[PDB]
>>> print(open('run_19.pdb').read())   # PDB, C-alpha atoms (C1' of nucleotides)
ATOM      1  CA  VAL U2187     -65.904 -18.263 -53.952  1.00  0.00           C
ATOM      2  CA  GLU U2188     -67.991 -17.731 -50.826  1.00  0.00           C
ATOM      3  CA  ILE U2189     -64.962 -17.442 -48.552  1.00  0.00           C
ATOM      4  CA  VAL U2190     -63.065 -15.095 -50.861  1.00  0.00           C
ATOM      5  CA  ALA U2191     -66.193 -12.948 -51.116  1.00  0.00           C
ATOM      6  CA  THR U2192     -66.314 -12.813 -47.326  1.00  0.00           C
ATOM      7  CA  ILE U2193     -62.601 -11.978 -47.195  1.00  0.00           C
ATOM      8  CA  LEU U2194     -62.958  -9.103 -49.627  1.00  0.00           C
ATOM      9  CA  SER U2195     -66.170  -7.896 -47.970  1.00  0.00           C
ATOM     10  CA  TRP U2196     -63.684  -5.766 -46.045  1.00  0.00           C
ATOM     11  CA  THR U2197     -60.429  -4.444 -47.375  1.00  0.00           C
ATOM     12  CA  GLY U2198     -59.682  -1.386 -45.260  1.00  0.00           C
ATOM     13  CA  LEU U2199     -60.365  -3.524 -42.198  1.00  0.00           C
ATOM     14  CA  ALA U2200     -57.524  -5.860 -43.187  1.00  0.00           C
ATOM     15  CA  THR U2201     -55.361  -6.290 -46.282  1.00  0.00           C
ATOM     16  CA  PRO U2202     -52.773  -9.094 -46.399  1.00  0.00           C
ATOM     17  CA  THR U2203     -49.346  -7.892 -47.480  1.00  0.00           C
ATOM     18  CA  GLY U2204     -47.254  -8.095 -44.306  1.00  0.00           C
ATOM     19  CA  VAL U2205     -45.902 -11.639 -44.306  1.00  0.00           C
ATOM     20  CA  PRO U2206     -44.829 -13.015 -47.700  1.00  0.00           C
ATOM     21  CA  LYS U2207     -46.923 -16.041 -46.720  1.00  0.00           C
ATOM     22  CA  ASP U2208     -50.181 -14.151 -47.226  1.00  0.00           C
ATOM     23  CA  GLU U2209     -48.821 -12.620 -50.433  1.00  0.00           C
ATOM     24  CA  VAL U2210     -47.865 -15.959 -51.975  1.00  0.00           C
ATOM     25  CA  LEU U2211     -51.156 -17.473 -50.804  1.00  0.00           C
ATOM     26  CA  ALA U2212     -53.069 -14.671 -52.523  1.00  0.00           C
ATOM     27  CA  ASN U2213     -51.073 -15.014 -55.741  1.00  0.00           C
ATOM     28  CA  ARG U2214     -51.337 -18.813 -55.751  1.00  0.00           C
ATOM     29  CA  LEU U2215     -55.092 -18.711 -55.168  1.00  0.00           C
ATOM     30  CA  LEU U2216     -55.370 -16.072 -57.888  1.00  0.00           C
ATOM     31  CA  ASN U2217     -53.658 -18.494 -60.243  1.00  0.00           C
ATOM     32  CA  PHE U2218     -55.938 -21.277 -59.000  1.00  0.00           C
ATOM     33  CA  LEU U2219     -59.105 -19.324 -59.723  1.00  0.00           C
ATOM     34  CA  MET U2220     -57.954 -17.964 -63.075  1.00  0.00           C
ATOM     35  CA  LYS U2221     -57.119 -21.529 -64.068  1.00  0.00           C
ATOM     36  CA  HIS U2222     -60.625 -22.541 -62.964  1.00  0.00           C
ATOM     37  CA  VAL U2223     -62.380 -19.598 -64.619  1.00  0.00           C
ATOM     38  CA  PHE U2224     -64.844 -20.798 -67.256  1.00  0.00           C
ATOM     39  CA  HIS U2225     -68.568 -21.206 -67.530  1.00  0.00           C
ATOM     40  CA  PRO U2226     -71.069 -22.091 -70.235  1.00  0.00           C
ATOM     41  CA  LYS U2227     -73.442 -20.139 -67.982  1.00  0.00           C
ATOM     42  CA  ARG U2228     -72.302 -16.783 -69.434  1.00  0.00           C
ATOM     43  CA  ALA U2229     -73.154 -14.890 -66.234  1.00  0.00           C
ATOM     44  CA  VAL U2230     -71.511 -16.725 -63.356  1.00  0.00           C
ATOM     45  CA  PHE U2231     -68.515 -16.657 -65.685  1.00  0.00           C
ATOM     46  CA  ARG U2232     -68.794 -12.878 -65.921  1.00  0.00           C
ATOM     47  CA  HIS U2233     -69.435 -12.994 -62.184  1.00  0.00           C
ATOM     48  CA  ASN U2234     -66.001 -14.557 -61.710  1.00  0.00           C
ATOM     49  CA  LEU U2235     -64.552 -11.955 -64.059  1.00  0.00           C
ATOM     50  CA  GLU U2236     -65.935  -9.148 -61.907  1.00  0.00           C
ATOM     51  CA  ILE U2237     -64.773 -11.007 -58.795  1.00  0.00           C
ATOM     52  CA  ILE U2238     -61.221 -10.994 -60.139  1.00  0.00           C
ATOM     53  CA  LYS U2239     -61.566  -7.354 -61.160  1.00  0.00           C
ATOM     54  CA  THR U2240     -62.619  -6.378 -57.641  1.00  0.00           C
ATOM     55  CA  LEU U2241     -59.887  -8.575 -56.174  1.00  0.00           C
ATOM     56  CA  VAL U2242     -57.098  -6.939 -58.164  1.00  0.00           C
ATOM     57  CA  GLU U2243     -58.579  -3.476 -57.590  1.00  0.00           C
ATOM     58  CA  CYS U2244     -58.648  -3.878 -53.799  1.00  0.00           C
ATOM     59  CA  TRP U2245     -55.148  -5.402 -53.845  1.00  0.00           C
ATOM     60  CA  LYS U2246     -51.750  -5.626 -55.668  1.00  0.00           C
ATOM     61  CA  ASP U2247     -50.170  -5.060 -52.279  1.00  0.00           C
ATOM     62  CA  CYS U2248     -49.621  -8.821 -52.598  1.00  0.00           C
ATOM     63  CA  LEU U2249     -50.485  -9.662 -56.221  1.00  0.00           C
ATOM     64  CA  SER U2250     -48.405 -10.625 -59.250  1.00  0.00           C
ATOM     65  CA  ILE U2251     -49.594 -11.105 -62.830  1.00  0.00           C
ATOM     66  CA  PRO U2252     -48.279 -14.327 -64.423  1.00  0.00           C
ATOM     67  CA  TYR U2253     -48.578 -13.136 -68.054  1.00  0.00           C
ATOM     68  CA  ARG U2254     -48.081 -16.832 -68.903  1.00  0.00           C
ATOM     69  CA  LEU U2255     -51.255 -18.590 -67.808  1.00  0.00           C
ATOM     70  CA  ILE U2256     -52.981 -15.630 -69.426  1.00  0.00           C
ATOM     71  CA  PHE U2257     -50.765 -15.903 -72.505  1.00  0.00           C
ATOM     72  CA  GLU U2258     -51.611 -19.538 -73.194  1.00  0.00           C
ATOM     73  CA  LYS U2259     -55.248 -18.689 -72.462  1.00  0.00           C
ATOM     74  CA  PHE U2260     -55.781 -15.789 -74.860  1.00  0.00           C
ATOM     75  CA  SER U2261     -53.528 -17.387 -77.473  1.00  0.00           C
ATOM     76  CA  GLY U2262     -55.444 -20.634 -77.694  1.00  0.00           C
ATOM     77  CA  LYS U2263     -54.287 -22.744 -80.621  1.00  0.00           C
ATOM     78  CA  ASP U2264     -54.843 -19.854 -83.050  1.00  0.00           C
ATOM     79  CA  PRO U2265     -58.357 -21.225 -83.608  1.00  0.00           C
ATOM     80  CA  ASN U2266     -61.496 -20.331 -85.471  1.00  0.00           C
ATOM     81  CA  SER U2267     -63.604 -20.763 -82.315  1.00  0.00           C
ATOM     82  CA  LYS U2268     -64.232 -18.265 -79.501  1.00  0.00           C
ATOM     83  CA  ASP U2269     -62.448 -20.183 -76.728  1.00  0.00           C
ATOM     84  CA  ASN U2270     -59.250 -18.180 -76.169  1.00  0.00           C
ATOM     85  CA  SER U2271     -61.419 -15.061 -75.902  1.00  0.00           C
ATOM     86  CA  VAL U2272     -61.707 -15.934 -72.211  1.00  0.00           C
ATOM     87  CA  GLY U2273     -58.026 -15.117 -71.781  1.00  0.00           C
ATOM     88  CA  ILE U2274     -58.728 -11.890 -73.646  1.00  0.00           C
ATOM     89  CA  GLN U2275     -61.227 -11.085 -70.904  1.00  0.00           C
ATOM     90  CA  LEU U2276     -58.388 -11.463 -68.411  1.00  0.00           C
ATOM     91  CA  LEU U2277     -56.621  -8.699 -70.320  1.00  0.00           C
ATOM     92  CA  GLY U2278     -59.520  -6.381 -69.573  1.00  0.00           C
ATOM     93  CA  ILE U2279     -59.226  -7.415 -65.943  1.00  0.00           C
ATOM     94  CA  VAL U2280     -55.505  -6.804 -66.380  1.00  0.00           C
ATOM     95  CA  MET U2281     -56.418  -3.479 -67.958  1.00  0.00           C
ATOM     96  CA  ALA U2282     -58.982  -3.039 -65.186  1.00  0.00           C
ATOM     97  CA  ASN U2283     -56.111  -1.468 -63.241  1.00  0.00           C
ATOM     98  CA  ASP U2284     -52.887   0.389 -64.026  1.00  0.00           C
ATOM     99  CA  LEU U2285     -51.035  -2.889 -64.555  1.00  0.00           C
ATOM    100  CA  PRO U2286     -48.224  -3.050 -67.113  1.00  0.00           C
ATOM    101  CA  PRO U2287     -49.730  -4.275 -70.389  1.00  0.00           C
ATOM    102  CA  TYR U2288     -47.206  -7.121 -70.405  1.00  0.00           C
ATOM    103  CA  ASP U2289     -44.537  -7.095 -67.735  1.00  0.00           C
ATOM    104  CA  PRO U2290     -41.711  -9.366 -68.967  1.00  0.00           C
ATOM    105  CA  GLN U2291     -41.036 -10.935 -65.575  1.00  0.00           C
ATOM    106  CA  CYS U2292     -38.887 -13.325 -67.584  1.00  0.00           C
ATOM    107  CA  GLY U2293     -40.256 -12.332 -70.972  1.00  0.00           C
ATOM    108  CA  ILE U2294     -41.767 -14.886 -73.327  1.00  0.00           C
ATOM    109  CA  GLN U2295     -40.813 -12.839 -76.367  1.00  0.00           C
ATOM    110  CA  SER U2296     -42.220  -9.376 -75.457  1.00  0.00           C
ATOM    111  CA  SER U2297     -42.940  -9.014 -79.189  1.00  0.00           C
ATOM    112  CA  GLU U2298     -45.025 -11.984 -80.365  1.00  0.00           C
ATOM    113  CA  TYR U2299     -46.891 -11.770 -77.053  1.00  0.00           C
ATOM    114  CA  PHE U2300     -49.004  -9.273 -79.006  1.00  0.00           C
ATOM    115  CA  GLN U2301     -48.563 -11.006 -82.358  1.00  0.00           C
ATOM    116  CA  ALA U2302     -50.804 -13.686 -80.867  1.00  0.00           C
ATOM    117  CA  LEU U2303     -53.500 -11.037 -80.432  1.00  0.00           C
ATOM    118  CA  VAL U2304     -53.052  -9.507 -83.876  1.00  0.00           C
ATOM    119  CA  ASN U2305     -53.423 -13.070 -85.156  1.00  0.00           C
ATOM    120  CA  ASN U2306     -56.572 -13.446 -83.061  1.00  0.00           C
ATOM    121  CA  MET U2307     -57.799 -10.445 -85.048  1.00  0.00           C
TER     122      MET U2307
ATOM    123  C1'  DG N   1     -93.364 -38.613-161.758  1.00  0.00           C
ATOM    124  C1'  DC N   2     -91.936 -39.825-155.575  1.00  0.00           C
ATOM    125  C1'  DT N   3     -91.726 -37.216-147.562  1.00  0.00           C
ATOM    126  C1'  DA N   4     -85.607 -42.524-146.418  1.00  0.00           C
ATOM    127  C1'  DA N   5     -84.045 -37.756-143.130  1.00  0.00           C
ATOM    128  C1'  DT N   6     -80.199 -33.557-141.069  1.00  0.00           C
ATOM    129  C1'  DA N   7     -76.730 -28.101-140.798  1.00  0.00           C
ATOM    130  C1'  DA N   8     -81.182 -26.144-137.104  1.00  0.00           C
ATOM    131  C1'  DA N   9     -81.567 -21.245-132.021  1.00  0.00           C
ATOM    132  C1'  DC N  10     -85.456 -21.856-128.646  1.00  0.00           C
ATOM    133  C1'  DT N  11     -87.806 -19.705-125.322  1.00  0.00           C
ATOM    134  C1'  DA N  12     -84.013 -23.672-122.405  1.00  0.00           C
ATOM    135  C1'  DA N  13     -83.422 -24.642-115.865  1.00  0.00           C
ATOM    136  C1'  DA N  14     -82.106 -28.918-114.442  1.00  0.00           C
ATOM    137  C1'  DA N  15     -76.229 -24.074-109.642  1.00  0.00           C
ATOM    138  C1'  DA N  16     -75.704 -19.233-105.866  1.00  0.00           C
ATOM    139  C1'  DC N  17     -70.488 -16.597-107.936  1.00  0.00           C
ATOM    140  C1'  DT N  18     -72.947 -13.055-103.175  1.00  0.00           C
ATOM    141  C1'  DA N  19     -75.265 -10.468-101.778  1.00  0.00           C
ATOM    142  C1'  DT N  20     -79.859  -9.619 -96.747  1.00  0.00           C
ATOM    143  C1'  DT N  21     -82.626 -12.122 -94.512  1.00  0.00           C
ATOM    144  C1'  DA N  22     -84.444 -13.689 -90.653  1.00  0.00           C
ATOM    145  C1'  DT N  23     -85.419 -17.725 -85.321  1.00  0.00           C
ATOM    146  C1'  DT N  24     -83.161 -18.853 -82.231  1.00  0.00           C
ATOM    147  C1'  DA N  25     -80.503 -19.483 -77.741  1.00  0.00           C
ATOM    148  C1'  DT N  26     -81.440 -15.131 -76.451  1.00  0.00           C
ATOM    149  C1'  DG N  27     -80.060 -11.658 -71.139  1.00  0.00           C
ATOM    150  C1'  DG N  28     -79.957  -9.344 -66.355  1.00  0.00           C
TER     151       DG N  28
END
>>> encode(input="run_19.pdb", output="structure tokens")
Amino acid sequence: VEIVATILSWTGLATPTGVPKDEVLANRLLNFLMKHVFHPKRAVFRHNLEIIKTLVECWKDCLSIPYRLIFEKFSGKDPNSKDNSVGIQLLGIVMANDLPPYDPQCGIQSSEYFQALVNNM
DNA sequence: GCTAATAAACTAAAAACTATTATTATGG
């Protein structure tokens, strides 16, 4: 977290999208962090959420939304609890920018992808 | 020169169905 904060402390100074190496590193680390994102501390968790929001805002020159790690996250097991809501937060981060609501990069079903949410209702 | 009892509607709570209430743990 400290090093990524330092990295994003400047974005106009440097922004990695030239080599595909930096792009895939950014996407892979994005996946890493959004797999790691959870806290019972309710603020450092939101801190990570805002970190991701800032990251995607200052980027997408090298970023790619999985729509799968998120999908399994916000879907949960169709529970009664509030767990999968964390993935829902990702959606806001996803809706933090002009991102496609669900790009079917392969397409899970492109239809029940939102049926999961209307079930979460 | 006869109280052997039973057919007792009463004032019975000894469910609360579903509707606001409130401490908690709070949050930044």
>>> closest_atom_pairs(input="run_19.pdb", of="chain U", to="chain N", cutoff="12 Å", atoms="only C-alpha atoms (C1' of nucleotides)", output="tab-separated table")
residue	atom	partner	partner_atom	distance
U:2227	CA	N:27	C1'	11.2
U:2228	CA	N:27	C1'	9.5
U:2229	CA	N:28	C1'	8.8
U:2230	CA	N:28	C1'	11.6
U:2232	CA	N:28	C1'	11.7
U:2233	CA	N:28	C1'	11.9
>>> axis_aligned_box(input="run_19.pdb", around="range 4-15 of chain N", padding_each_side="3 Å", output="JSON")
{"center_x": -82.0, "center_y": -31.1, "center_z": -128.0, "size_x": 17.6, "size_y": 28.8, "size_z": 42.8}
>>> atom_distance(input="run_19.pdb", atom1="CA of residue 2264 in chain U", atom2="CA of residue 2301 in chain U")
10.9 Å
>>> closest_residue(input="run_19.pdb", among="U:2272, U:2294, U:2194, U:2277", to="residue 2251 in chain U", atoms="all atoms listed in the file")
U:2277
>>> closest_residue(input="run_19.pdb", among="U:2283, U:2305, U:2296, U:2195", to="residue 2243 in chain U", atoms="only C-alpha atoms")
U:2283
>>> residues_around(input="run_19.pdb", residues="residue 2241 in chain U", least_positions_apart="3", cutoff="10 Å", atoms="only C-alpha atoms (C1' of nucleotides)", output="ChimeraX atom specification")
/U:2190-2191,2193-2194,2197,2212,2216,2235-2238,2244-2246,2249,2279
>>> write_last_selection(input="run_19.pdb", atoms="C-alpha atoms", output="compact mmCIF listing (two decimals), keeping the file's coordinate frame")
# COMPACT_ATOMS: atom_id res chain seq x y z
CA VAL U 2190 -63.06 -15.10 -50.86
CA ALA U 2191 -66.19 -12.95 -51.12
CA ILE U 2193 -62.60 -11.98 -47.20
CA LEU U 2194 -62.96 -9.10 -49.63
CA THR U 2197 -60.43 -4.44 -47.38
CA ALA U 2212 -53.07 -14.67 -52.52
CA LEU U 2216 -55.37 -16.07 -57.89
CA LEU U 2235 -64.55 -11.96 -64.06
CA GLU U 2236 -65.94 -9.15 -61.91
CA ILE U 2237 -64.77 -11.01 -58.80
CA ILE U 2238 -61.22 -10.99 -60.14
CA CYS U 2244 -58.65 -3.88 -53.80
CA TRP U 2245 -55.15 -5.40 -53.84
CA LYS U 2246 -51.75 -5.63 -55.67
CA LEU U 2249 -50.48 -9.66 -56.22
CA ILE U 2279 -59.23 -7.42 -65.94
>>> atom_distance(input="run_19.pdb", atom1="CA of residue 2300 in chain U", atom2="CA of residue 2268 in chain U")
17.7 Å
>>> atom_distance(input="run_19.pdb", atom1="CA of residue 2288 in chain U", atom2="CA of residue 2252 in chain U")
9.4 Å
>>> closest_residue(input="run_19.pdb", among="U:2231, U:2293, U:2282, U:2219", to="residue 2253 in chain U", atoms="all atoms listed in the file")
U:2293
>>> residues_around(input="run_19.pdb", residues="residue 2261 in chain U", least_positions_apart="2", cutoff="8 Å", atoms="only C-alpha atoms (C1' of nucleotides)", output="list in words")
residues 2257, 2258, 2259, 2263, 2264, 2270, 2273, 2302, 2303 and 2306 of chain U
>>> closest_residue(input="run_19.pdb", among="U:2297, U:2271, U:2217, U:2250", to="residue 2285 in chain U", atoms="only C-alpha atoms")
U:2250
